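Chemist: Shown below is the structure under consideration.
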Amino acid sequence: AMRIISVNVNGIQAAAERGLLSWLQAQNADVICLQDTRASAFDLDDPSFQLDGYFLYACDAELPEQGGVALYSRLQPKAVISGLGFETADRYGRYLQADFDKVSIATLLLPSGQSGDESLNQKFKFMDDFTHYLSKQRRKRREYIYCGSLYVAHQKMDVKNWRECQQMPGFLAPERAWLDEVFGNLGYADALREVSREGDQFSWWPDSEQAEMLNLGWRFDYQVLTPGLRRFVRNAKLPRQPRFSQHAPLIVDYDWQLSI
Amino acid sequence: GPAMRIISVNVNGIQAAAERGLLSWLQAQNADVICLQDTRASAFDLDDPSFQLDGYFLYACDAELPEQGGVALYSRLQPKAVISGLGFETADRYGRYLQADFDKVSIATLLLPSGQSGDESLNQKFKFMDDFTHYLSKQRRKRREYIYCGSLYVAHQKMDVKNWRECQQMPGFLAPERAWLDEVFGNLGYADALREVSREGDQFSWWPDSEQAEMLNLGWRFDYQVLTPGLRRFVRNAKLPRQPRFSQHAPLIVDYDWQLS
Amino acid sequence: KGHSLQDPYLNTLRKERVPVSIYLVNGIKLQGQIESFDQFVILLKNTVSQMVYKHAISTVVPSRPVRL
Amino acid sequence: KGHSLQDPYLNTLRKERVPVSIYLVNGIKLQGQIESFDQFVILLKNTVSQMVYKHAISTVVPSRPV
Amino acid sequence: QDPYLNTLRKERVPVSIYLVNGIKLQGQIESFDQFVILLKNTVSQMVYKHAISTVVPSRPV
Amino acid sequence: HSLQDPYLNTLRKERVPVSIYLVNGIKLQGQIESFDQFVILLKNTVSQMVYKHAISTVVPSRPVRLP
Amino acid sequence: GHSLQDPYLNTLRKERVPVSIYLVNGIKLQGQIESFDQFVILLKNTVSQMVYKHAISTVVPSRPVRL
Amino acid sequence: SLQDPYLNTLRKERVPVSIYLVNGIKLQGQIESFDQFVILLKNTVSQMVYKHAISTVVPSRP
Amino acid sequence: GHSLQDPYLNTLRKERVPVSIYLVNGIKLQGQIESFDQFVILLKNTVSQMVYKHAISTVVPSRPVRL
Amino acid sequence: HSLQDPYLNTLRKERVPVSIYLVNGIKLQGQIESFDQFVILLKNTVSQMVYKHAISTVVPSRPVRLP
Amino acid sequence: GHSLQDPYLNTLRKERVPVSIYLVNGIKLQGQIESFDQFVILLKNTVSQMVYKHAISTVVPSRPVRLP
Amino acid sequence: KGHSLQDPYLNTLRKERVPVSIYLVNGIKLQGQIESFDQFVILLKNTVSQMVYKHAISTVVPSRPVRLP
Amino acid sequence: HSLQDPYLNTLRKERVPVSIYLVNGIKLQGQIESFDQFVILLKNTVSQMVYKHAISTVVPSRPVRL
RNA sequence: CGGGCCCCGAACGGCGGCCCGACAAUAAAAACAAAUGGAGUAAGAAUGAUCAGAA
């Protein structure tokens, strides 16, 4: 087995009050990649967030409310690294990576880009910087699993009424083109769309009860994995959890097992 | 804009060209670098501040005897590094090569022995050609891109020479010269800027002394801008102004969109 | 083989011994350098030799720009 | 003979330098431009000079009509 | 092999081709050869013979 | 040469309802109308031309005896 | 050429050894080879489905047989 | 072709090789015999495979 | 000699500023500084591997620290 | 002197299976047999001497605490 | 010892010339020389990066400097 | 300068005529028997007398284990 | 030093064009301006200092005697 | 030992001469965390002024 959980909690505190800690504790998994901690590493040090039988790793942004990402693993990773050299990355700890034998996973959290124009500019900046870094991450032997919420949909199949969202951030032409270039040209794939080419599957919908009723979801979570692991995809699922997190948990299993 | 102008001029003696006004014309003619060839003057002669143009850095590697050969190179901004060696007796002892270094590009002034003088000159030309194709086979390994300002004294194809049926005896269009040049432009991958921009005839770069050939345009395209296949797509425009000619060769100006640094 | 554009490419990849990244149809990637080739096989020297088949190669991405 | 229709189409795409998107049999989209081609190989120029074997090319979609 | 596809092309029958990867292609047959089938649908979406699994015409011929 | 052609000719003459499965595993159905060295015509509501290089196996819905 | 697969398959057929042909898609095919020829092998399944060589990948016998 | 030298060398030295198929499943075992069409692995079961669905043959030891 | 390296490394270790070491081979490291001495240094990370000084190329702290 | 000798002595005493990576990138394995101011003997199946100027770093397989 | 190093290095530091340091493997660094000693050099760049002497290959300044 | 392990180890490998396999820092495998060693050089006896330098050697891998004094 | 110092001094005297090769395998052209126990000055456009431990060999462009 | 080269038979075989198997040398890459699941997955053109299809 080889499970991976992705829950952009948008605040580990709200996650705790919503019962995310108990759900993850009950949810038997190998690695858990929650995003947007909205708290300092010292806050994550609170044993309440420490899941029984899992390690604690977290990198906080310069400003807690800005972001922050954490990573829980069942076995001691070979090494944990944070940052990518970019200001938009280092100054906010939006990237944290653990190292295991043969495969090393990472936790990515892109800026929403929907708050303001400056957020969209930062999004474009981080996108170009990240595709550059990944170009530098081509011939690298170690296979990767960039588990992160990219705040962008690849195809219309990933979001309904695209006609209305075409101009709204998250589905704009340049972001979709960047994602397509990152996926196809560079040989990267996705476990879900590979194992299950089924529409209507989303992760992030408005907290508004109306959108939840009519299910206005935007697929923002993606299990970006190097082509080496593409062959070892078991199955993907997007549970419709009752408002536990804006980004619904993204659980995927893999045929390839892990090792220290 | 991100324009890069390179001016290659074979003067056959900088003295005559300067007398005809090449120095002032170049000083006025904006250009990033000038690939002036065939100086016929020593480095100490080029050291004369009269040839040294303001706003440029002069670099030249003369031969053992000035009039025999000699090549120089101008540069508006200080190049990263300049090298004046090739490893051949036909090259080092004759200062026929001088290469500068830039950001991912290498401007190189090249001057092959004419060969039209005597049979010994033809033998020297064959020797230099084989040594230089060997050097090119060795250089293709290098990742950094290269530029070669070179008056090769060899006609490439029919369009690159008038009345080739008659010129098939004159050095420049000979069968072995043609083979060598097309192999350089062929298997070795190197390309030309003029042939890339304008596949139009009547474009020559050398004429005899008799004004009859000039009027009839019985000339050869002995000047080339051998480009590494990389910048081939980045060739903007090229021209061969025949009227403002200051020697048997004509000034060959090529402007690119690539920006050095 | 009539035009044989693959032959010059493989020859320049082998002569310079450039690091190649031969992708396969299944999805795995094979790092190394082309030691030799024929009609249906290519030799990748990565510590040990690899008899990667031709019909299984999806794309060949050399990590080193090869002028030609 | 074999490429009486493939050869002219690919040659036109090359001469016109139309940005094409090659879809592999594996389903991986490959955007770029056709640099050169032959009997069973096509050179795609992009950020990385790529060589895609014909036998593993499912479809090609030029971005503009030709 | 040749006559069937030639009739499909000349008669301008709406064809839908399922590739070996399963992709349901749609379009009209423009021109075909030993190892190529030009599918005319907005763009000249060329399709190789080795990758075609089934050819589903909209009506029999 | 000695087995494929007679088997397919018998399946065609007897018009046995065969079930063909593609290399990918997609299950198809229909009768064998005509055979070819490179392709086959499977008439099932709408005649679909299937390529031989994409045929995994040929499952006849009824047992068949060779001649 | 083709001098090795012929005797191997002929021996597998003669002794009627249960082979498990694993297709390229990862599907099991337990049965006995009834016959074999070019571009075709004939299983001894309840329906005796005809398989194609291009699709076949491996031919493992449940019991190790001698050459 | 260089395939036959490689294969017969592995056969003579009987090096444990790991063969990857077009699907990607990793096989293991020595090579007993081989021709142009098939390979006869020396595995516990000696699973025979045709040459039209091979990816890469690699020896576990140099 | 070695009058500047000592205070720099001592401050980096005391403040436990996460540093990223880069080996001469081009390999990168991460983690705080555990200890240091002549020809040897100890890295404070998930694993406390011992790195020799003669193989280190650069010492880049995550956040610029003051000497 | 102050930190290298105790660390190496503890590694040798505890006989922890360590995997040393050379500056060239080669991966080695084995137990620590003995060390010196210029050389270290690593025993894996057969004793393999390694020089101190050719090691990138020492990675103990188990966390260790200095004395 | 080092009769020629210290003058050149302290002159570069005084003039605060943006120098480009080339390492043994080929990668090039950039930044003004902040401080140095017998074995390490500090770059005033935003990263405040420190580089060891035994790993540095060449120190090429961006502009010619006068010898004191 | 006054070590303890290198000298006896190399002397034993020389006397016992053990086929030694030396690893260079470049990653090339040298094969041969130890002829004689010094503070800075090791002579590898393999048909030709290759004078391999100490600082260029990465590891000394003998073909068979040897007892230690 | 025994021989390296006389050789470098002779090269500096005539300012002979030398080619210094680093351990990585690259060659640097120019002429020696000065040297010491650990560094060598190779003047060429800019004064670039190179360390001894990183140099592999000094090859003069033309024949020179001690 | 086995790869690259030329030599020779009748797009197709193969044999001798050899060389190498550590690149007579990248003006330099803000950095390579270290080199068989298996009896088979295919939801709807905002509308041809009008389609008979054979031994």
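Just remember, in the structure tokens the first chain shown is A, the second B, etc., residues are 1-based per chain, and ligands are 1-based in the order shown.
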Show me, as JSON, numbers by chain, the residues that have an atom within 8 Å of region 31-34 of chain H when counting only C-alpha atoms (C1' of nucleotides), minus same-chain residues fewer than 4 positions from it.

Modeler: {"G": [4], "H": [7, 8, 10, 11, 14, 17, 38, 39, 40, 41, 42, 43]}

Chemist: I need the strand (DSSP E or B) residues of chain J per DSSP on the backbone, written as a PyMOL selection string.

Modeler: chain J and resi 18-22+27+30-35+39-44+46-51+55-59

Chemist: Since chain F and chain J share a sequence, can you fit the second onto the first over all C-alpha atoms in order and output it as a tab-separated table (two decimals) with N, CA, C and O atoms, in the first residue's frame?

Modeler:
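selection-v7.tsv, written as the output of this step:
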```tsv
chain	number	residue	atom	x	y	z
J	1	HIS	N	-1.25	-18.39	-41.75
J	1	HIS	CA	-1.68	-18.76	-43.09
J	1	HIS	C	-2.46	-20.07	-43.08
J	1	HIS	O	-3.57	-20.15	-43.61
J	2	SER	N	-1.87	-21.09	-42.47
J	2	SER	CA	-2.48	-22.42	-42.49
J	2	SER	C	-3.68	-22.51	-41.56
J	2	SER	O	-4.65	-23.21	-41.88
J	3	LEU	N	-3.64	-21.82	-40.42
J	3	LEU	CA	-4.68	-21.93	-39.40
J	3	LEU	C	-5.57	-20.70	-39.30
J	3	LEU	O	-6.74	-20.83	-38.95
J	4	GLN	N	-5.04	-19.52	-39.60
J	4	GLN	CA	-5.83	-18.30	-39.44
J	4	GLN	C	-6.94	-18.23	-40.49
J	4	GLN	O	-8.11	-17.97	-40.17
J	5	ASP	N	-6.59	-18.44	-41.76
J	5	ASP	CA	-7.56	-18.28	-42.84
J	5	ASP	C	-8.74	-19.23	-42.70
J	5	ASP	O	-9.89	-18.78	-42.79
J	6	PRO	N	-8.54	-20.54	-42.49
J	6	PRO	CA	-9.71	-21.42	-42.33
J	6	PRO	C	-10.57	-21.06	-41.13
J	6	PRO	O	-11.80	-21.10	-41.22
J	7	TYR	N	-9.95	-20.72	-40.01
J	7	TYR	CA	-10.71	-20.36	-38.82
J	7	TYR	C	-11.57	-19.13	-39.07
J	7	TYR	O	-12.77	-19.12	-38.76
J	8	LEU	N	-10.98	-18.08	-39.65
J	8	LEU	CA	-11.75	-16.87	-39.92
J	8	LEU	C	-12.84	-17.13	-40.95
J	8	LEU	O	-13.95	-16.60	-40.84
J	9	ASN	N	-12.54	-17.95	-41.97
J	9	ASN	CA	-13.54	-18.25	-42.98
J	9	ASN	C	-14.72	-19.00	-42.38
J	9	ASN	O	-15.88	-18.71	-42.71
J	10	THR	N	-14.45	-19.96	-41.49
J	10	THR	CA	-15.54	-20.67	-40.83
J	10	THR	C	-16.35	-19.74	-39.94
J	10	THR	O	-17.58	-19.78	-39.93
J	11	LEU	N	-15.66	-18.88	-39.18
J	11	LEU	CA	-16.37	-17.92	-38.33
J	11	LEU	C	-17.29	-17.04	-39.16
J	11	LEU	O	-18.42	-16.75	-38.75
J	12	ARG	N	-16.82	-16.59	-40.33
J	12	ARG	CA	-17.64	-15.73	-41.17
J	12	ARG	C	-18.80	-16.50	-41.78
J	12	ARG	O	-19.93	-16.01	-41.83
J	13	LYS	N	-18.54	-17.72	-42.25
J	13	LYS	CA	-19.59	-18.51	-42.89
J	13	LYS	C	-20.70	-18.84	-41.91
J	13	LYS	O	-21.89	-18.71	-42.24
J	14	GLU	N	-20.35	-19.28	-40.70
J	14	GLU	CA	-21.36	-19.64	-39.72
J	14	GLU	C	-22.05	-18.43	-39.11
J	14	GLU	O	-23.09	-18.59	-38.47
J	15	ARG	N	-21.51	-17.22	-39.30
J	15	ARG	CA	-22.14	-15.99	-38.82
J	15	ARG	C	-22.41	-16.07	-37.32
J	15	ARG	O	-23.46	-15.64	-36.83
J	16	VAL	N	-21.46	-16.62	-36.57
J	16	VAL	CA	-21.63	-16.75	-35.12
J	16	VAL	C	-21.48	-15.37	-34.48
J	16	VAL	O	-20.50	-14.67	-34.76
J	17	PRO	N	-22.42	-14.93	-33.64
J	17	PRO	CA	-22.22	-13.66	-32.93
J	17	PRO	C	-21.03	-13.72	-31.99
J	17	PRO	O	-21.12	-14.26	-30.88
J	18	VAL	N	-19.90	-13.17	-32.42
J	18	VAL	CA	-18.66	-13.20	-31.65
J	18	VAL	C	-18.48	-11.86	-30.95
J	18	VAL	O	-18.94	-10.82	-31.42
J	19	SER	N	-17.80	-11.90	-29.81
J	19	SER	CA	-17.47	-10.71	-29.04
J	19	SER	C	-15.95	-10.60	-28.95
J	19	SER	O	-15.31	-11.37	-28.23
J	20	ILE	N	-15.39	-9.64	-29.67
J	20	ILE	CA	-13.94	-9.44	-29.74
J	20	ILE	C	-13.54	-8.43	-28.68
J	20	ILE	O	-14.20	-7.40	-28.50
J	21	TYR	N	-12.46	-8.73	-27.96
J	21	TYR	CA	-11.93	-7.85	-26.93
J	21	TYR	C	-10.63	-7.23	-27.43
J	21	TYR	O	-9.69	-7.95	-27.80
J	22	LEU	N	-10.57	-5.91	-27.44
J	22	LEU	CA	-9.39	-5.21	-27.91
J	22	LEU	C	-8.27	-5.29	-26.88
J	22	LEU	O	-8.50	-5.53	-25.69
J	23	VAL	N	-7.04	-5.08	-27.35
J	23	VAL	CA	-5.89	-5.09	-26.45
J	23	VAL	C	-6.01	-4.01	-25.39
J	23	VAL	O	-5.44	-4.15	-24.30
J	24	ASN	N	-6.74	-2.93	-25.67
J	24	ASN	CA	-6.96	-1.88	-24.69
J	24	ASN	C	-7.96	-2.27	-23.62
J	24	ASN	O	-8.10	-1.54	-22.63
J	25	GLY	N	-8.64	-3.40	-23.78
J	25	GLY	CA	-9.62	-3.87	-22.81
J	25	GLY	C	-11.06	-3.59	-23.19
J	25	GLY	O	-11.96	-4.04	-22.47
J	26	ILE	N	-11.30	-2.88	-24.29
J	26	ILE	CA	-12.67	-2.56	-24.68
J	26	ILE	C	-13.34	-3.81	-25.22
J	26	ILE	O	-12.74	-4.61	-25.94
J	27	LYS	N	-14.61	-3.98	-24.86
J	27	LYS	CA	-15.39	-5.14	-25.28
J	27	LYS	C	-16.26	-4.77	-26.48
J	27	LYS	O	-16.99	-3.78	-26.44
J	28	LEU	N	-16.17	-5.57	-27.54
J	28	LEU	CA	-16.95	-5.37	-28.75
J	28	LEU	C	-17.84	-6.58	-29.02
J	28	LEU	O	-17.59	-7.68	-28.53
J	29	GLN	N	-18.88	-6.35	-29.80
J	29	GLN	CA	-19.83	-7.38	-30.18
J	29	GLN	C	-20.22	-7.19	-31.64
J	29	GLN	O	-20.05	-6.11	-32.21
J	30	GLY	N	-20.75	-8.26	-32.24
J	30	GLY	CA	-21.20	-8.20	-33.61
J	30	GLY	C	-20.84	-9.43	-34.41
J	30	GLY	O	-20.06	-10.28	-33.96
J	31	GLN	N	-21.40	-9.55	-35.61
J	31	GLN	CA	-21.11	-10.67	-36.49
J	31	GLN	C	-19.92	-10.36	-37.39
J	31	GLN	O	-19.64	-9.20	-37.70
J	32	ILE	N	-19.22	-11.42	-37.80
J	32	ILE	CA	-18.05	-11.27	-38.66
J	32	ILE	C	-18.54	-11.01	-40.08
J	32	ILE	O	-19.18	-11.87	-40.70
J	33	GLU	N	-18.24	-9.83	-40.61
J	33	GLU	CA	-18.63	-9.47	-41.97
J	33	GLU	C	-17.58	-9.89	-42.99
J	33	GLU	O	-17.89	-10.58	-43.96
J	34	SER	N	-16.33	-9.47	-42.78
J	34	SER	CA	-15.24	-9.83	-43.68
J	34	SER	C	-13.92	-9.59	-42.96
J	34	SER	O	-13.87	-8.92	-41.92
J	35	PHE	N	-12.86	-10.16	-43.51
J	35	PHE	CA	-11.54	-10.05	-42.91
J	35	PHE	C	-10.50	-9.86	-44.01
J	35	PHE	O	-10.77	-10.09	-45.19
J	36	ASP	N	-9.32	-9.42	-43.61
J	36	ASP	CA	-8.21	-9.21	-44.53
J	36	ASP	C	-6.91	-9.43	-43.75
J	36	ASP	O	-6.93	-9.71	-42.55
J	37	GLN	N	-5.79	-9.30	-44.46
J	37	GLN	CA	-4.49	-9.48	-43.83
J	37	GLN	C	-4.14	-8.35	-42.87
J	37	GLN	O	-3.10	-8.45	-42.20
J	38	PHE	N	-4.96	-7.31	-42.78
J	38	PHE	CA	-4.70	-6.20	-41.87
J	38	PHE	C	-5.94	-5.68	-41.15
J	38	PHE	O	-5.79	-4.96	-40.16
J	39	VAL	N	-7.15	-6.02	-41.61
J	39	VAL	CA	-8.36	-5.39	-41.10
J	39	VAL	C	-9.48	-6.43	-41.04
J	39	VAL	O	-9.46	-7.44	-41.75
J	40	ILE	N	-10.46	-6.16	-40.18
J	40	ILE	CA	-11.65	-6.98	-40.04
J	40	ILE	C	-12.84	-6.06	-39.82
J	40	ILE	O	-12.76	-5.13	-39.01
J	41	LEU	N	-13.94	-6.32	-40.52
J	41	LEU	CA	-15.15	-5.52	-40.40
J	41	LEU	C	-16.15	-6.28	-39.53
J	41	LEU	O	-16.59	-7.38	-39.89
J	42	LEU	N	-16.51	-5.68	-38.40
J	42	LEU	CA	-17.47	-6.26	-37.46
J	42	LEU	C	-18.77	-5.46	-37.57
J	42	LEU	O	-18.75	-4.23	-37.46
J	43	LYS	N	-19.88	-6.15	-37.79
J	43	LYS	CA	-21.17	-5.51	-37.99
J	43	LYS	C	-22.04	-5.72	-36.76
J	43	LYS	O	-22.47	-6.84	-36.48
J	44	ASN	N	-22.30	-4.64	-36.02
J	44	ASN	CA	-23.21	-4.64	-34.88
J	44	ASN	C	-24.02	-3.35	-34.96
J	44	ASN	O	-23.49	-2.26	-34.71
J	45	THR	N	-25.30	-3.47	-35.33
J	45	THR	CA	-26.14	-2.31	-35.57
J	45	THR	C	-25.59	-1.50	-36.74
J	45	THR	O	-26.23	-1.39	-37.79
J	46	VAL	N	-24.39	-0.94	-36.57
J	46	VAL	CA	-23.68	-0.25	-37.64
J	46	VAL	C	-22.32	-0.92	-37.80
J	46	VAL	O	-21.70	-1.33	-36.82
J	47	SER	N	-21.88	-1.05	-39.05
J	47	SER	CA	-20.60	-1.69	-39.31
J	47	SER	C	-19.47	-0.90	-38.67
J	47	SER	O	-19.35	0.31	-38.85
J	48	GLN	N	-18.63	-1.60	-37.91
J	48	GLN	CA	-17.52	-0.99	-37.18
J	48	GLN	C	-16.23	-1.70	-37.57
J	48	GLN	O	-16.01	-2.85	-37.17
J	49	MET	N	-15.39	-1.02	-38.34
J	49	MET	CA	-14.11	-1.59	-38.76
J	49	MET	C	-13.17	-1.69	-37.57
J	49	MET	O	-13.11	-0.78	-36.73
J	50	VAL	N	-12.44	-2.80	-37.49
J	50	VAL	CA	-11.46	-3.04	-36.44
J	50	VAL	C	-10.17	-3.52	-37.08
J	50	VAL	O	-10.20	-4.30	-38.04
J	51	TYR	N	-9.03	-3.06	-36.55
J	51	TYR	CA	-7.73	-3.44	-37.09
J	51	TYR	C	-7.21	-4.69	-36.40
J	51	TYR	O	-7.55	-4.98	-35.25
J	52	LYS	N	-6.36	-5.43	-37.11
J	52	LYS	CA	-5.85	-6.69	-36.58
J	52	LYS	C	-4.79	-6.46	-35.51
J	52	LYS	O	-4.55	-7.33	-34.67
J	53	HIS	N	-4.14	-5.30	-35.52
J	53	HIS	CA	-3.06	-5.02	-34.58
J	53	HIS	C	-3.60	-4.50	-33.25
J	53	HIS	O	-2.82	-4.21	-32.34
J	54	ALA	N	-4.92	-4.38	-33.13
J	54	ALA	CA	-5.54	-3.82	-31.94
J	54	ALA	C	-6.46	-4.80	-31.23
J	54	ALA	O	-7.15	-4.42	-30.28
J	55	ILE	N	-6.50	-6.06	-31.66
J	55	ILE	CA	-7.37	-7.07	-31.06
J	55	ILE	C	-6.54	-7.92	-30.10
J	55	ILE	O	-5.40	-8.29	-30.41
J	56	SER	N	-7.12	-8.23	-28.94
J	56	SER	CA	-6.45	-9.12	-28.00
J	56	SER	C	-6.72	-10.58	-28.35
J	56	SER	O	-5.79	-11.39	-28.45
J	57	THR	N	-7.99	-10.92	-28.55
J	57	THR	CA	-8.36	-12.29	-28.90
J	57	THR	C	-9.81	-12.29	-29.37
J	57	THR	O	-10.57	-11.36	-29.11
J	58	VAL	N	-10.17	-13.36	-30.08
J	58	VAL	CA	-11.52	-13.55	-30.61
J	58	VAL	C	-12.18	-14.67	-29.83
J	58	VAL	O	-11.62	-15.78	-29.73
J	59	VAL	N	-13.36	-14.40	-29.28
J	59	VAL	CA	-14.09	-15.34	-28.44
J	59	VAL	C	-15.38	-15.71	-29.17
J	59	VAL	O	-16.35	-14.94	-29.13
J	60	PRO	N	-15.44	-16.86	-29.84
J	60	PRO	CA	-16.71	-17.29	-30.44
J	60	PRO	C	-17.73	-17.65	-29.37
J	60	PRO	O	-17.39	-18.23	-28.34
J	61	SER	N	-18.99	-17.31	-29.63
J	61	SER	CA	-20.05	-17.62	-28.68
J	61	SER	C	-20.46	-19.08	-28.71
J	61	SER	O	-21.11	-19.55	-27.77
J	62	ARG	N	-20.09	-19.82	-29.76
J	62	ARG	CA	-20.42	-21.23	-29.88
J	62	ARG	C	-19.16	-22.02	-30.21
J	62	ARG	O	-18.31	-21.54	-30.99
J	63	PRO	N	-18.99	-23.21	-29.65
J	63	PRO	CA	-17.83	-24.03	-30.01
J	63	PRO	C	-17.78	-24.29	-31.51
J	63	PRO	O	-18.80	-24.55	-32.15
J	64	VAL	N	-16.57	-24.22	-32.07
J	64	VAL	CA	-16.36	-24.41	-33.50
J	64	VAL	C	-15.29	-25.48	-33.69
J	64	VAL	O	-14.35	-25.61	-32.90
J	65	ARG	N	-15.43	-26.25	-34.77
J	65	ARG	CA	-14.49	-27.29	-35.14
J	65	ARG	C	-13.82	-26.92	-36.45
J	65	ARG	O	-14.50	-26.54	-37.41
J	66	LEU	N	-12.50	-27.04	-36.50
J	66	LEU	CA	-11.77	-26.70	-37.71
J	66	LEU	C	-12.08	-27.72	-38.81
J	66	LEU	O	-12.45	-28.86	-38.53
J	67	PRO	N	-11.93	-27.32	-40.09
J	67	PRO	CA	-12.20	-28.23	-41.21
J	67	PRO	C	-11.12	-29.29	-41.39
J	67	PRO	O	-10.10	-29.23	-40.70
```

Chemist: Please produce, as a tab-separated table, a per-residue contact table for chain A versus chain I (criterion: any atom at most 10 Å away, only C-alpha atoms considered), showing the nearest atom pair and its distance in Å to one decimal, sorted by chain then residue number.

Modeler:
```
residue	atom	partner	partner_atom	distance
A:76	CA	I:46	CA	8.1
A:77	CA	I:46	CA	7.7
A:78	CA	I:46	CA	7.0
A:79	CA	I:46	CA	5.6
A:80	CA	I:46	CA	7.0
A:81	CA	I:30	CA	5.9
A:82	CA	I:30	CA	8.2
A:83	CA	I:62	CA	8.4
A:85	CA	I:62	CA	9.1
A:90	CA	I:62	CA	8.2
A:91	CA	I:63	CA	9.1
```

Chemist: For those residues, write C-alpha atoms to a file as a PDB file, in the first residue's frame.

Modeler:
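Okay, this is what ended up in part-v2.pdb:
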```
ATOM      1  CA  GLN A  76      10.957   8.893   9.819  1.00  0.00           C
ATOM      2  CA  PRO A  77      11.796  10.523   6.461  1.00  0.00           C
ATOM      3  CA  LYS A  78      15.397  10.468   5.297  1.00  0.00           C
ATOM      4  CA  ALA A  79      15.519  14.274   5.276  1.00  0.00           C
ATOM      5  CA  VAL A  80      13.192  17.281   5.284  1.00  0.00           C
ATOM      6  CA  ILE A  81      13.943  20.434   3.285  1.00  0.00           C
ATOM      7  CA  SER A  82      12.075  23.728   2.923  1.00  0.00           C
ATOM      8  CA  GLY A  83      12.237  26.620   0.491  1.00  0.00           C
ATOM      9  CA  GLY A  85      15.315  29.964  -3.419  1.00  0.00           C
ATOM     10  CA  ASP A  90      11.160  31.152   1.091  1.00  0.00           C
ATOM     11  CA  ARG A  91       9.569  34.219   2.701  1.00  0.00           C
TER      12      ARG A  91
END
```

Chemist: Would you compute the distance between CA of residue 205 (chain B) and CA of residue 221 (chain B)? Give it in Å to one decimal.

Modeler: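 Separating CA of residue 205 (chain B) from CA of residue 221 (chain B) is a distance of 4.3 Å.
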
Chemist: Give me every alpha helix (DSSP H) residue in region 10-144 of chain A, going by DSSP on the backbone, as a short mmCIF file (atom, residue, chain, number, x, y, z; two decimals) with C-alpha atoms, in the first residue's frame.

Modeler:
```cif
data_model
loop_
_atom_site.label_atom_id
_atom_site.label_comp_id
_atom_site.auth_asym_id
_atom_site.auth_seq_id
_atom_site.Cartn_x
_atom_site.Cartn_y
_atom_site.Cartn_z
CA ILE A 12 -5.12 24.11 11.31
CA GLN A 13 -7.13 25.60 14.19
CA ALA A 14 -10.43 25.57 12.30
CA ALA A 15 -9.50 22.06 11.18
CA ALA A 16 -9.12 21.02 14.82
CA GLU A 17 -12.48 22.50 15.80
CA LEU A 20 -9.89 17.03 11.25
CA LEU A 21 -7.41 15.69 13.80
CA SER A 22 -9.69 12.81 14.81
CA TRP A 23 -10.56 12.03 11.19
CA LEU A 24 -6.89 11.85 10.20
CA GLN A 25 -6.08 9.76 13.28
CA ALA A 26 -8.81 7.31 12.27
CA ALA A 41 6.00 26.11 13.82
CA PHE A 42 5.92 26.56 17.60
CA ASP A 43 2.12 26.45 17.41
CA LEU A 44 2.33 23.23 15.39
CA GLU A 87 11.34 35.05 -2.27
CA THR A 88 7.68 34.20 -2.91
CA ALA A 89 8.61 30.69 -1.69
CA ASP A 90 11.16 31.15 1.09
CA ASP A 117 -4.60 41.84 -8.55
CA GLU A 118 -1.37 41.73 -6.54
CA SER A 119 -2.21 38.14 -5.56
CA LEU A 120 -2.57 37.27 -9.25
CA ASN A 121 0.78 38.91 -10.02
CA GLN A 122 2.42 36.92 -7.22
CA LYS A 123 0.73 33.80 -8.62
CA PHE A 124 2.18 34.39 -12.09
CA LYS A 125 5.60 35.10 -10.57
CA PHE A 126 5.60 31.91 -8.51
CA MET A 127 4.33 29.94 -11.50
CA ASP A 128 7.18 31.02 -13.77
CA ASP A 129 9.74 30.53 -10.99
CA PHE A 130 8.34 27.07 -10.24
CA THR A 131 8.34 25.91 -13.85
CA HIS A 132 11.94 27.12 -14.04
CA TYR A 133 12.85 25.16 -10.90
CA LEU A 134 11.09 22.10 -12.31
CA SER A 135 13.03 22.47 -15.56
#
```

Chemist: Would you list which chain C residues are within 7 Å of chain A using only C-alpha atoms, as a ChimeraX atom specification?

Modeler: /C:21,27-29,63
